[PDB]
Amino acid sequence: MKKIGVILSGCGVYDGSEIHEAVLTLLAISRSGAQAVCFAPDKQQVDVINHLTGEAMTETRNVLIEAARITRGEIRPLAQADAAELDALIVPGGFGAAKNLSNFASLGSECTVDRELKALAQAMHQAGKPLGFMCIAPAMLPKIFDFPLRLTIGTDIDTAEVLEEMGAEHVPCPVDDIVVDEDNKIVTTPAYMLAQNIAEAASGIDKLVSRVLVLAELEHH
């Protein structure tokens, strides 16, 4: 069984990890016979959004604490994630990827990625382990690596601009397909960036996980 690191950033689209994307990722890892190993930074969320309204709430919530709901408690602090013990890494989407794993939501092209996440990501790439980012998560790639990468965030021209202006070759991509930077073993997929329903999102996420897993083995060599 191969260990696939999964980085969560909260529990819900606006606040943290996109619940559909996260659960769909976990399902694929599981159907593909791999073992998911979930992590989340142990820190306070940037904000807490009422998912019914869209308005911010005057309360606090911890990223790790909340992410734990998605994993039924089977989750650990991002700090404890050791690249040597993981065969791959997947980062589901959700605005939390842009607020808690980085501040891309605020500084855009001038954003900063989470220390640990960046470190882990690099250690993985530096060891030839595959990486999978989806939805808005790919926006961090240009900040995690200095060299150009082939990635996607779907077809949104505006976001793709910001990514290319960050030193990245953006490749337009449909909901049901993925993009791979063969050389750096980095797979990405449009999730709810383009998805209209959960079935669509599952479509691409499955392809992403299968490819990350393929790249993971073939590297186990």
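Throughout, we count residues from 1 along the sequence that is shown.
- Between the stretches 69-77 and 139-147, it is 139-147 that shows the larger average CA temperature factor.
- Here the stretch with the larger average CA B-factor, out of 180-188 and 23-31, is 180-188.
- Residue set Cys38, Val175, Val171, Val46: peak C-alpha B-factor at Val175 (per PDB entry).
- Sort the modelled residues of the chain by CA B factor and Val13 lands in the highest third.
- Ranked by C-alpha B-factor against the other modelled residues of its chain, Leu208 falls in the lowest third.
- Sort the modelled residues of the chain by CA B factor and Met193 lands in the lowest third.
- Per the PDB record, residue ranking by Cα B-factor puts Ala160 in the highest third of the chain.
- Per-chain ranking of the deposited C-alpha B factor places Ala123 in the middle third.
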